[PDB]
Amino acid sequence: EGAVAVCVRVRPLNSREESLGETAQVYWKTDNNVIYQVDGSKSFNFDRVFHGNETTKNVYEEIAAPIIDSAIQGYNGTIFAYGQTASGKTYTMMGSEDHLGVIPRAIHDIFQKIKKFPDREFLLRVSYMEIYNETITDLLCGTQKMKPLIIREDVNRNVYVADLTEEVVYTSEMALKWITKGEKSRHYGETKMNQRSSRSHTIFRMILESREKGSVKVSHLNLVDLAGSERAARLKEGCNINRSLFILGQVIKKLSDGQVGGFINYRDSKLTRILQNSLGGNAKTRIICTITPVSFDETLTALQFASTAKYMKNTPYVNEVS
């Protein structure tokens, strides 16, 4: 099966002598596929832990590529980047020209792999949205900022954002051109109140469709870069909670504990309503939890959340429509 898999990626150290003069502290270490704390008794087991030396390419090839292949076969696939601000989420998901992230790699990979299937026909379209302060803005637009999450897909009642721009692309060059714009149009935002980046979620989605030479395979591939988890989580004001991150973890815990039907509060947040099907539904989900050794509380929180997600159960299948 392996419908749900979790891994951890550790941000490399720019040192071992540095900041707090002659040193800050390293609270975590990873050996084989376990991550334990320096001087403490907490340890965590994951079926894969990438160390500071391993490259985004390797993370992509081991984790993401199988999801892409599955997407091409008609399976819904979702991938999240979760972790503290500055732990490597965007580096892993978007990256640079020197070190392409998972999103651009997936695009290049998809266009190269559909060619290995001449008998069938391919239809691809992309979307790019941002979720901030409960409000959903379209990143390939002209100005209706806030859209609603409707349900009218009476074919299992699938969720969707009230007609958000969906652009048809034939080349990876065009796909990436939309990303670039979306990235840019992220700052005609910024000074509504900034570093809004570390406080918002972004979802890049690609809908794939295919047929031979009567039934059409249809799959949704969501690629998620979440908000900083330092604001994820009994308490008074001693931090600053992000509603979505909190509801995300709350929904994950319940699923891992055995709850279903309606004991799962997907509706208490936009994030969890939108990505509802990815949390215990009809998709292959993977979570990449980025961590930084020099952090203790934040790393601990993310590890607990990553650990809990290992036990989530999804039931994926091919989606062919008559």
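Note that residue numbering begins at 1 and tracks the sequence as displayed.
In the deposited sequence, the stretch from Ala233 to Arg234 hides 4 to 9 residues that have no coordinates. The entry models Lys213 and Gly214 with a gap of 4 to 9 deposited residues left without coordinates. Mean CA temperature factor is higher for 154-162 when stretches 154-162 and 103-111 are set side by side in the entry. According to the PDB record, 234-242 carries the higher mean C-alpha B-factor of the two stretches 234-242 and 72-80. Among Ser219, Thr92, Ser229, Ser185, the highest C-alpha B-factor in the deposited entry belongs to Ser185. As recorded in the entry, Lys192 carries the highest CA temperature factor of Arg125, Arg199, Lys181, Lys192.
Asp268 sits in the lowest third of its chain by CA B factor, as recorded in the PDB entry. In the deposited entry, the Cα temperature factor of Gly258 places it in the highest third of its chain's modelled residues.
Among the modelled residues of its chain, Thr301 has a C-alpha B-factor that falls in the middle third, as given in the PDB entry. Per-chain ranking of the deposited C-alpha B factor places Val321 in the highest third. Sorting the modelled residues of the chain by their CA temperature factor places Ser19 in the highest third.
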